[PDB]
C-alpha cells in the first residue's frame, strides 16, 4: 500500500505540459491520479485527462484535472495504469478492479503506456490471477456454461453477492486458468467467442513498468 503509492507518484513525473494523459483505475493508479491533480494545482501543469472508468472520472473532477473523452482526442501521449500481473515479456493480466474494457481502449491509443505496480505483481508466467473476461449480459449464463465445458473454471464477478456490472453495462466472468503458456493465442482465441466483449490479457502493449519494492523503485523498459 505504501509501495503502491511510491509507484503511482513516481509515474506522475512522466507527465509534461500540453499532454493528453490516460488516467488508470485501481489502488495503484489512484496515487498517480492524486499526484497529477497535485501538480495541476501547485505547478499549473496543463494536461487533459482521458478516463478509464466512472470512478476515475469522479476522482479527477474532484481534483480539478481537466477531462476530455477518448472521442475528442486523436492520440494519448502518456497513460499510467495498474496491472494484476506482469510477465517478463511485458504481457499482463488486467481487470481485477472491473475496468479492463475502457483501460484497453485508452491503452491501445497510447504512445507511452506505463504500468505502475508493487513487486508482488511481477510473475514468471501469467495465470495464477484469474483472467477477467467482460461478457455480454444477454446469453452470459449460456456463455458461462460453455466456459465450464471448456475447463476454464469460470465464476461471475460479484461483490457482496451483487453481480458486478461494468461501466459499459456488461458482466465479468473470471477464468481460473492457473497458467497461460501463450497469452497472445489465448487472447486471440477469446476474441472470436460470441458473447465476449473484451478480456484482460494486455499483450505487447505496455512500454514501461515502474515496480516499487522494499529495495527501491525499478523502471523496466519493454523496448518494443
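Numbering follows the first chain given and starts at 1.
Q) Can you tell me which stretch has the higher mean Cα B-factor, 36 to 44 or 185 to 193? A) Stretch with the higher mean C-alpha B-factor: 36 to 44.
**Q.** Mean C-alpha B-factor comparison - 163 to 171 and 176 to 184, higher one
**A.** Of 163 to 171 and 176 to 184, the stretch with the higher C-alpha B-factor average is 176 to 184.
Q.
Quiz for you: based on the deposited Cα B-factor, which of 75, 91, 137, 79 is highest?
A. The record points to 75.
Q | Residue with maximal Cα B-factor (values as given in the PDB entry) among 65, 29, 58, 70 | A | So the option with the highest C-alpha B-factor is 70.
**Q.** For residue 104, the third of its chain into which the C-alpha B factor falls
**A.** For residue 104, whose C-alpha B-factor we compare with every modelled residue in the chain, the answer is the lowest third.
Q | Modelled-residue ranking by C-alpha temperature factor, third containing residue 141 | A | Middle third.
Q) Taking the C-alpha B-factors as the PDB entry records them, is residue 210 in the lowest, middle or highest third of its chain? A) Its C-alpha B-factor belongs to the highest third of this chain's values.
Q) By the record's CA B-factor, is residue 21 among the lowest, middle or highest third of residues in the chain? A) It falls in the bottom third of the chain.
(Q) Quick check on the deposited entry: does the C-alpha B-factor of residue 124 sit in the lowest, middle or highest third of its chain? (A) For residue 124, whose C-alpha B-factor we compare with every modelled residue in the chain, the answer is the highest third.
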